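Student: Experimental coordinates for this protein are included below, preceded by the sequence.
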Amino acid sequence: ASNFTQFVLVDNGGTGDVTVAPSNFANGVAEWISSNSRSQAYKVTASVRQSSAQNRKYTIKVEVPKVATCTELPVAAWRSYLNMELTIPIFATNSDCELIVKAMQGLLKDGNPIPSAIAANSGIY
Amino acid sequence: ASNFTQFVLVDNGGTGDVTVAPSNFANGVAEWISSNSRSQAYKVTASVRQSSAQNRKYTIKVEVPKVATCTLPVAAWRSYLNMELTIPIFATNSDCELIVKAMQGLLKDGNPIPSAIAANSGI
Amino acid sequence: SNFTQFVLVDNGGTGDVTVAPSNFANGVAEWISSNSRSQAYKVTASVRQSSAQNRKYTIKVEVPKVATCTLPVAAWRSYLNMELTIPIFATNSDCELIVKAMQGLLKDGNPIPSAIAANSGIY
Amino acid sequence: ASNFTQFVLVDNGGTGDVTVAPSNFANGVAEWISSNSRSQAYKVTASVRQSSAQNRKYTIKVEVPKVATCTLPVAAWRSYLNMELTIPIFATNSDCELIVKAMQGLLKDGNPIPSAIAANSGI
């Protein structure tokens, strides 16, 4: 409803950034898109439900391609898929949810072990 | 390796930070905990798999249980969590940097999804 | 805290069929009469955010009919659905009115329940 | 016919009721209408069908718009509803009375399901 606006999906500090405008909200799943192109655009999906007697299950997906001219018609060489889940108590206080989103913002920081084990093409340990 | 190091998880920019020390590595699941009280402190689990010729599938779990005294300290509730990350193998360093850049860009405070999480009503 | 028990059928006394909660997982509720799967009634419910701004409740009911023959056997089950779609910015009065629309539609002498109980067709 | 009458779709205990009125029948799809205007009126649509073998399946839609006038009467937000009621062919009078009583019991005034619908929350 009030959280269905366009937003920056990859930040390059200016011109090189990419935004996504909302496209659909149907059958329970949201959808943000970068451009109407079906094979050159990022993608964000999300929903919400009530998993258990006390736990909502926020699920979120991303899809990030990389395209090249490849002559001429640019095409999606590959799609770095992604998933996410977040099981949050129904009556969990607002402060606790801020803390959880802070935990994500901290786990994937600039130089943490997990972004390092992604960038360096390696595995963990 | 040098990726198995204690790292700040909930960084409140100073006094309110949280550090999880590395604790275990069995069957590939590198496991950080926060304190000796496993039933009272945070947890992070991470692992990688490549059971194909094109797809490296990561997987990360976090558990952030709120603490509370009881009529005795035990975990009132644990906000569980999952994650996955499928990356094509022939993707270079830059493109994986870009996927992680998507992660920072998704969960920043000025974005819809973290606001929806912090404002539980359905997006 | 609306995940409680209730009387689904009132037989004018002690012949009432009651159901109590039995499960709530994978976004699917469940009430049950008795643990015998091939014997009990069944209520299932969920909730989603299907359209742009529309909360779409769905409610299923299953009321099998039994008869001992030689040994209770589910002779046939009268399945059922319900898809109640309510826009999000709805007050309490309008939801009261929707529930009263349900109550009025399926009353005693109304054409639709009379059609059901006479096993005929409309008009 | 004999079951194509007008009923009180929303009984407000007196003068506040919404008396629908039969208006149409095409393709085996009955249709009541509240007010002659086709943009501010309730609408009930009850059809029956019978696959050749074992099941008679009904269908009942109820549309409950909330009116507004702030320039000009127009449907502010339609609150639709759907329904199905699958019944085996040889279900006699008693079993049809029982399933209609299943409806008359589930949607009572104090059951969990009507309250959950009237609160706009999770079940």
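Tutor: Perfect, I can see it now. Numbering: from 1, shown residues only, chains lettered A, B, ... in the order given.
Student: Name the surrounding residues that touch stretch A:26-46.
Tutor: Stretch A:26-46 has contacts (Cβ atoms under 8 Å, 6 or more residues apart in numbering or on different chains) with A:4, A:6-7, A:9-10, A:18-25, A:47, A:49, A:58-65, A:67, A:74-76, B:102, B:106, B:113, B:116, B:123, C:48-52, C:56. Where you see a C-beta, it was placed from the backbone N, CA and C, and this is true even at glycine.
Student: typo on my end, it should be stretch A:106-117
Tutor: A:123-124, B:3-5, B:7-11, B:44, B:46, B:48, B:60, B:62, B:100, B:103-104, B:107.
Student: that older thread, restricted to buried residues, select the contacts of stretch A:26-46 in PyMOL.
Tutor: Selection of the buried residues among the contacts of stretch A:26-46 in PyMOL, burial being defined by 16 or more other Cβ atoms under 10 Å in any protein chain shown:
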select buried, (chain A and resi 4+7+9+10+18+20+22+25+47+49+58+59+60+61+62+63+64+65) or (chain B and resi 102+106+113+116+123) or (chain C and resi 48+49+50+51+56)
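Student: quick one: the longest helix anywhere in chain A to chain centroid distance?
Tutor: Secondary structure of chain A read by DSSP state H shows that its longest helix is helix A:94-107. Between the centre of helix A:94-107 and the centre of its chain there are 16 Å (Cα atoms, centre = their mean, to the nearest Å).
Student: Taking strand B:55-66 as reference, get the angle to it.
Tutor: Helix A:94-107 and strand B:55-66 are oriented at 140 degrees to each other (axes from the mean of the first three to the mean of the last three Cα atoms, to 10 degrees).
Student: How far away from the center of its chain is whatever helix or strand comes next after helix A:94-107?
Tutor: Sequence-wise, the next helix or strand downstream of helix A:94-107 (DSSP states H and E) is helix A:113-119. In terms of Cα atoms, centre = their mean, the centre of helix A:113-119 is found 17 Å from the chain centre.
Student: swap in stretch A:14-28?
Tutor: Taking Cα atoms, centre = their mean, one finds stretch A:14-28 lying 10 Å from the centre of the chain it belongs to.
Student: Whatever helix or strand residue A:31 lives in - which strands sit beside it in the sheet, and in what orientation?
Tutor: When elements are assigned from DSSP H and E, residue A:31 belongs to strand A:29-33. Here strand A:29-33 is paired, per DSSP bridges, with strand A:18-26 (antiparallel), strand A:43-46 (antiparallel).
Student: Helix or strand for the residue of chain A most remote from its centre, just tell me which one.
Tutor: Going by Cα atoms, centre = their mean, the residue of chain A most distant from its centre is residue A:71, 30.6 Å out. Counting by DSSP H and E, no helix or strand carries residue A:71.
Student: At the geometric centre of chain A, which residue do we find?
Tutor: Most central in chain A under Cα atoms, centre = their mean is residue A:62, positioned 4.1 Å from the mean C-alpha point.
Student: Got phi/psi on it?
Tutor: Phi and psi for residue A:62, reported as degrees, to the nearest 10, are phi -130, psi 160.
Student: Surely it and residue A:10 touch.
Tutor: No. Assessed by Cβ atoms under 8 Å, residue A:62 is found out of contact with residue A:10, at 10.3 Å.
Student: For the residue nearest to the centre of chain A, which non-adjacent residue is spatially closest?
Tutor: Spatial nearest neighbour of residue A:62, excluding adjacent residues (Cβ to Cβ, 6 or more residues apart in numbering or on different chains): residue A:82 at 4.2 Å.
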